[PDB]
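# these are from a larger complex, still in place; more later:
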Amino acid sequence: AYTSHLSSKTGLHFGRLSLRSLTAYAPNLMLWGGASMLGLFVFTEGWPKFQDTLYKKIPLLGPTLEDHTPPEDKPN
Amino acid sequence: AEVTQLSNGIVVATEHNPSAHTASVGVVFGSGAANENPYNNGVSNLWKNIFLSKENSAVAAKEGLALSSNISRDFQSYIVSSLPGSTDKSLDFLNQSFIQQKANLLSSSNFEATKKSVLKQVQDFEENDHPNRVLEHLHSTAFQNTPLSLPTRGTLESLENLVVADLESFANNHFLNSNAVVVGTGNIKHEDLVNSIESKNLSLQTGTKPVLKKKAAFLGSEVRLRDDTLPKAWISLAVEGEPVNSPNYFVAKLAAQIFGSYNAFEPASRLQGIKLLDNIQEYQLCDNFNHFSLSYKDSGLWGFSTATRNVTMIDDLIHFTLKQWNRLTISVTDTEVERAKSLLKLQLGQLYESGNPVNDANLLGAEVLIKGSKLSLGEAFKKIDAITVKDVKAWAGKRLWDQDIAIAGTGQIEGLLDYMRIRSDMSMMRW
Amino acid sequence: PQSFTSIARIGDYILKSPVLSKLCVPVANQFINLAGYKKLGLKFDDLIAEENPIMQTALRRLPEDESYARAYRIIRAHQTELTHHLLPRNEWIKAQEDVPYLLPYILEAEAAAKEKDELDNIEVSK
Amino acid sequence: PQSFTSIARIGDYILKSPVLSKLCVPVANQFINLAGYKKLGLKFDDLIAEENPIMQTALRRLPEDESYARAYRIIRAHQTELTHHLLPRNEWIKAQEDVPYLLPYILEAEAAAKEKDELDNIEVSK
């Protein structure tokens, strides 16, 4: 028939932030969290605790990080 | 609605509208300024203006006929409009002076006066009309060394080498039965137009137009015709867009309608539902803009044009509108698509459904000439209503996100940054 | 940071109540008297912080004579506080003179901005 | 910071002498050729340093077509040396084309400034 009005809604927002932009931006900042976690995996590679807990269980880059210096040629 | 038939050599297209008070017939060829060299540039302008000479138009005025013509990139039309009872006086005029007996039009002392006024016309175009000359320079730098790079009016250096031999050579090569649609709009009926175009045995010419050896290729480039003695700064900026018979034709029209047009001095143009206005209004970055989607046969253009007097903050105007373009790829909303749908349906309705049957003749001629028929307005509306947000995001990831651009500017464009900063604005670093 | 529509909403609910007004408006009158802005020749709408766009539009929409009187009351309060005195008791603002004069302009600008963001985050039912 | 009146005085005394003009002008022409500003498409008056009020008045009083030609020659010189090439040999500024065009404007602005500073330190003979 003939439209006399405009039935609308507002939804949810708190200023500049909506939920529609949160839906549009959610998977790419999941990817950003993954990217900076890989950056942490870079920047803590010389750390020994993160080596012996995380970086030496890689199936081909595991034995690359350790010494097997014998317990014979180091003073401590 | 539209009906379109094919005679012995001529295709005839009518849009009959029985509540009109003028009828309008004419012939639309299929070779605009994209079928010229850089050396005969301006031949179609000279044919437009010798069809509208004073001695050619006096003969039409004595019979109550008003002449009109249009030079574009792809097509060119020659339209004769009159009262509804006198359609055959118009067909007779268009035949006996443009089609067959064009030796009185191409008189010397008529060619000289028309060439002189066309030279004066393009000389006053090149130095007074600033937004359109930067749209022509955007075309001439986006499509350079390909045939779509030619100005439709021609060039002052090109136009003063033209003679009548060039006009009749172009006439032989392009004014053909294989290249032409005979249009009729207003309240002329189709059966009467075909019966009077087979009543007279109207035949234009019998050859076939030359096929161009290279297609139009978009080259990301820039041109800066800077002039510090002008008050404003006029900047057009565009990417390669969709040509006609795309599947993304209406998606490009809708994506230009999302950002719309704006005028700083109209109070209902400041209250639009564009999210660019509450970035460019706080320091009054521009006077106006308009987002276009120009579609041609080979290629297309999609972009915007602005005029601004804030010559110190041009780069932030460009930066804010390109960061608004990025939202089409990433975060365009449902509401912007619905608003642009309604505004695009309104804009197409005002373009096609208008009272003037000269404009309907130009539109029907170019459309039927390029794709053999004409899409109705109801089918156009059903193709606009089917666009989703994913279609806009897919189109903008294809054509907009991190693509080369073409820039043209005149005026005080010292504040306009170089190609590389503007091109690096075309894709944000996902924030 | 609490916008004046909320303050006016709570205040109208208090003043339109028979019990709540007769308990709370004496406490508010004593609060206003203890606050002591009137002793420096200031009405309360000279006290509101003006460095947001809402109050900048309200001060721009305030008429000419009210703005000149507001500027004088502000300059007088600065000169009074510079000397660590008060104003003489005939120059104090009285209770009938302490009128809310900026409050309709603030309420209009706030309703305009609230409708603006509600129509920027508009969503259709299709 | 040598004033052009000094340069013009020494140069005119050189050029109007019979002997040392015919000695000193060939070494000057060889100096001009070895300088190589013409190979970048520049006349010599584009080379004068312009960040002083004398040259600012001379460039303001320079006519409009000469200023556009000078601006293009400067922009072309910057674009040429940005690519570490020279201009092609048909685009070099020829010797009859290397005219002093800014020199009368510089000389009249310098004479005006020297007359101004002589009048500011004037002493009446009483």
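Now that the structure is in, tell me what you want to look at. Numbering: from 1, shown residues only, chains lettered A, B, ... in the order given.
# every contact and neighbour count from this point should use C-alpha atoms.
Noted.
# flag every residue of chain B that's near chain C.
When proximity is defined as C-alpha under 8 Å from any C-alpha of the partner chain, chain B approaches chain C at B:273, B:334-335, B:338.
# which one of those is nearest residue B:87?
Distance to residue B:87, by C-alpha to C-alpha, is smallest for residue B:338 among the residues of chain B next to chain C, at 43.2 Å.
# can you tell me the element that closest one falls in?
helix B:334-352 (DSSP states H and E).
# again, but for residue C:49
Using DSSP H and E, no helix or strand contains residue C:49.
# that older thread, which of the residues of chain B next to chain C are buried?
Those of the residues of chain B next to chain C that meet the buried threshold are B:273, B:335, B:338, by 16 or more other C-alpha atoms under 10 Å in any protein chain shown.
# beta partners of the closest residue in space to the last one that isn't next to it in sequence?
Ranked by C-alpha to C-alpha, 6 or more residues apart in numbering or on different chains and with sequence neighbours excluded, the top spatial neighbour of residue B:338 is residue C:124, at 7.9 Å. With DSSP bridges as the criterion, residue C:124 is bridged to residue A:8.
# and residue C:124, what does it touch?
Under the criterion of C-alpha atoms under 8 Å, 6 or more residues apart in numbering or on different chains, the contact partners of residue C:124 comprise A:7-9, B:335, B:338.
# kindly provide the distance from it to residue B:345.
Plainly put, residue C:124 is 17 Å away from residue B:345 if you go by C-alpha to C-alpha, to the nearest Å.
# cool, residue A:24 as well?
27 Å.
# could you do residue C:81 as well?
Plainly put, residue C:81 is 64 Å away from residue B:345 if you go by C-alpha to C-alpha.
# nearest residue to the middle of the chain?
This is for chain A. The structure's chain A has its C-alpha centroid closest to residue A:34; by C-alpha atoms, centre = their mean the separation is 2.4 Å.
# ah, I was thinking of chain C
Note: chain C centre (C-alpha atoms, centre = their mean) maps to residue C:45, 3.4 Å.
# also, this goes in as chain E:
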Amino acid sequence: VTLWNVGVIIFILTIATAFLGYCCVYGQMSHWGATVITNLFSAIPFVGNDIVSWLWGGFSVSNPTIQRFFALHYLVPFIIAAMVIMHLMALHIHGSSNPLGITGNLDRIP
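Next up, chain E placed on what we already have:
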């Protein structure tokens, strides 16, 4: 608000500077203050022992810790001077407040 936040950064840096400078004199409160405040950081359940062994330069507060604390107790004051220049820059855009809390744009004094 950016002036307040640059102030909070300056406050954190001055607290750190004075703690290091009190640790440089190496008295009895100096040493044991250094040990309890640095052994605070062993409460972090994954990397706490290694960040406290990186702070100490060894295994408890001794010669590497004291030479470290001197180099840092020099250094952090010049970071404080840079942050004070930034404090003044953030102040200067809007100017200082006044005890009335009303605008001070109407009469002003050089």
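# and the gap between the residue nearest to the centre of chain A and residue A:50?
17 Å.
# which other residues reach stretch C:99-112?
Residues contacting stretch C:99-112 (C-alpha under 8 Å, 6+ apart): C:3-5, C:43-45, C:54-55, C:57-59, C:61-62.
# which bits of chain C sit near chain A?
C:117-119, C:121-125.
# let me see the contact set for residue B:101.
residue B:95.
# that one in helix, strand or coil?
Three-state assignment for residue B:101 (DSSP: H, G, I helix; E, B strand; the rest coil): coil.
# again, but for residue B:323
Quick answer, by three-state DSSP: residue B:323 is helix.
# residues touching it, list them.
B:425-428.
# cutoff 7 Å now
residue B:425 (C-alpha atoms under 7 Å, 6 or more residues apart in numbering or on different chains).
# and it, how far from residue D:15?
In terms of C-alpha to C-alpha, residue B:323 sits 65 Å off from residue D:15.
# can you give me the strands in the stretch 151-300 of chain B?
With strands called from DSSP state E, counting those that start in this stretch, the stretch 151-300 of chain B shows them at B:180-186, B:221-226, B:233-240, B:261-263, B:288-295, B:300-308.
# thinking again about what came up before, put the buried members of the contacts of stretch C:99-112 into a ChimeraX selection.
Command for ChimeraX that selects the buried part of these, burial taken from 16+ other C-alpha under 10 Å:
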select /C:43,45,54,55,57,58,59,62
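# any chance of the contacts of stretch C:99-112 in CSV, with secondary structure too?
As requested, the contacts of stretch C:99-112 are arranged in CSV below (three-state DSSP):
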residue, secondary structure
C:3, coil
C:4, helix
C:5, helix
C:43, coil
C:44, helix
C:45, helix
C:54, helix
C:55, helix
C:57, helix
C:58, helix
C:59, helix
C:61, helix
C:62, coil
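# now, which of the contacts of stretch C:99-112 sits nearest chain A?
Set against chain A, the nearest of the contacts of stretch C:99-112 by C-alpha to the nearest C-alpha is residue C:3 (13.8 Å).
# let's bring in chain F now:
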Amino acid sequence: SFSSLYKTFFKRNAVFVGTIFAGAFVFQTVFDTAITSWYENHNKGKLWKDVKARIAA
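With chain F now in place:
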């Protein structure tokens, strides 16, 4: 297919810098191993484990 390559590696900046960091990780590890094996092989018979295996026989 350069289009699919672009759209999965260079379109979003997040996956671009994530690929840069993952490549820096594996590059650092295998580059250190390659340089240390070439260095120990170029100095053969001069290292301490060579001298120790010689005096252990």
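# quick recheck of the contacts of residue B:101 now chain F is there?
Applying C-alpha under 7 Å, 6+ apart, no residues contact residue B:101.
# ok, 10 Å please
Contact analysis of residue B:101 by C-alpha atoms under 10 Å, 6 or more residues apart in numbering or on different chains lists B:94-95.
# ok, now how distant is it from residue B:107?
12 Å.
# and for residue C:44?
87 Å.
# also residue B:38?
25 Å.
# now the residue of chain F found nearest chain C: how far from chain B?
Closest contact between chain F and chain C, by C-alpha to the nearest C-alpha, is at residue F:12 (26.6 Å). As judged by C-alpha to the nearest C-alpha, to the nearest Å, residue F:12 and chain B stand 7 Å apart.
# find the nearest non-adjacent residue to the residue of chain C found nearest chain F, please.
Closest approach between chain C and chain F, counting by C-alpha to the nearest C-alpha: residue C:121, at 26.6 Å. In space, and not counting its chain neighbours, residue C:121 is closest to residue A:10: 5.8 Å by C-alpha to C-alpha, 6+ apart.
# you'd agree the one you found is up against residue C:122?
Yes - counting by C-alpha atoms under 10 Å, residue A:10 does reach residue C:122; the two are 4.8 Å apart.
# those two: which has the busier surroundings?
The neighbour comparison of residue A:10 against residue C:122 (other C-alpha atoms under 10 Å in any protein chain shown) goes to residue C:122, with 17 against 13.
# now for the more buried one: which residues touch it?
Residue C:122 neighbours (C-alpha under 10 Å, 6+ apart): A:8-12, B:273, B:334-336, C:116.
# 6 Å instead, please
Residue C:122 makes contact with residue A:10 under the criterion C-alpha atoms under 6 Å, 6 or more residues apart in numbering or on different chains.
# pop out the phi and psi values for it.
phi -70, psi 150 (degrees, to the nearest 10).
# one more: residue B:58?
Torsion angles, degrees, to the nearest 10, at residue B:58: phi -70, psi -40.
# neighbours of it, just the number please.
Residue B:58: 14 surrounding residues under other C-alpha under 10 Å.
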